[PDB]
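Visitor: Mind having a look at this structure? Questions to follow.
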Amino acid sequence: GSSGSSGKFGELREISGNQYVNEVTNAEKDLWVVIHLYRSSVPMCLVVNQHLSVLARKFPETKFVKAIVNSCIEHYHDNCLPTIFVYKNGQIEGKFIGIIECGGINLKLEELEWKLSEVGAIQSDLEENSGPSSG
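Now the structure itself:
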């Protein structure tokens, strides 16, 4: 059966690197943490954040957070951002690397609202599949 997951959050917050883990990694059990790395240099991200702003109040269950790649990763050299990662129980529910992979400079508020859904972070309306991973 079901009980009723009460909302606790309702806004977009920012976390530090060392926190990314203790936060996302060490996140709750039945919680969906969706992080989105943005950079004042990359335009795509800027737009991705806009959706995350309204998507935060729409889905309080899913923990949304943003962090800068300023001395956070090594490998990351170029042609990587935007980058989005979905963590549920300390794993990678869904990752998105590349402007295109993240929808594109022409990404709509609905398009992205689905990506996170198809993964299991949220429940969008956009046409979805029976269940490749979620089930």
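Oh and the sequence shown: position 67 is 67 in the authors' numbering, straight run, nothing missing.
Think of the CB as a built atom: it goes at the ideal place given N, C-alpha and C, for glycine as much as any other residue.
1) Just how far apart, CA to CA, sit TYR20 and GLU74?
2) Leaving out the 5 sequence neighbours to the left and right, which residues in its chain are closer than 7 Å to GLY90 when beta-carbon positions are compared?
3) Shortest alpha-carbon distance to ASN106 belongs to which of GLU118, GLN50 and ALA67?
4) Taking the continuous alpha helix (DSSP H) assigned at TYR20, which residues delimit it?
5) Which of the three DSSP states, helix, strand or coil, is assigned to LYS95?
6) With a cut-off of 8 Å on the beta carbons, I'd call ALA56 and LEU12 a contact; round off their distance for me.
7) Roughly how many angstroms separate the alpha carbons of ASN22 and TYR76, rounded to a whole number?
8) Suppose contacts are defined by Cβ-Cβ distances below 8 Å. Is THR62 in contact with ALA121 by that definition?
9) What's the gap between the Cα of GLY135 and the Cα of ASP125?
10) Should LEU81 be labelled buried (16 or more other beta-carbon atoms within 10 Å of its own) or exposed?
11) Are there 16 or more other CB atoms within 10 angstroms of the CB of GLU128, so buried, or fewer, so exposed?
12) What are the start and end residues of the alpha helix (DSSP H) that includes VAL48?
13) Indicate whether at least one CB of chain B lies closer than 8 Å to the CB of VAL24.
14) For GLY94, count the other beta carbons within 10 Å of its own beta carbon; 16 or more makes it buried, fewer makes it exposed. Which is it?
Guide: For this structure:
1) Rounded to whole angstroms, the separation of the alpha carbons of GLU74 and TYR20 is 15 Å.
2) Answer for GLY90: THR25, listed in chain order.
3) Minimum Cα distance to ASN106 is reached at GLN50.
4) Run containing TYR20: 17 to 20, per the alpha helix (DSSP H) assignment.
5) Strand.
6) With 8 Å as the limit, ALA56 and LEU12 qualify as a contact, their Cβ atoms being about 4 Å apart.
7) In a straight line, the C-alpha of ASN22 is about 21 Å away from that of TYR76.
8) With a cutoff of 8 Å on beta-carbon distance, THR62 and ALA121 are scored as near each other.
9) When rounded, the distance between both Cα atoms is 16 Å.
10) By the neighbour-count criterion, in which a residue is buried when 16 or more other Cβ atoms sit within 10 angstroms of its Cβ, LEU81 is buried.
11) When all chains shown are included, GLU128 counts as exposed.
12) 43 to 58 is the span of the alpha helix (DSSP H), which, as asked, contains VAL48.
13) In the displayed structure, chain B is absent; only one protein chain is listed.
14) That one is buried.
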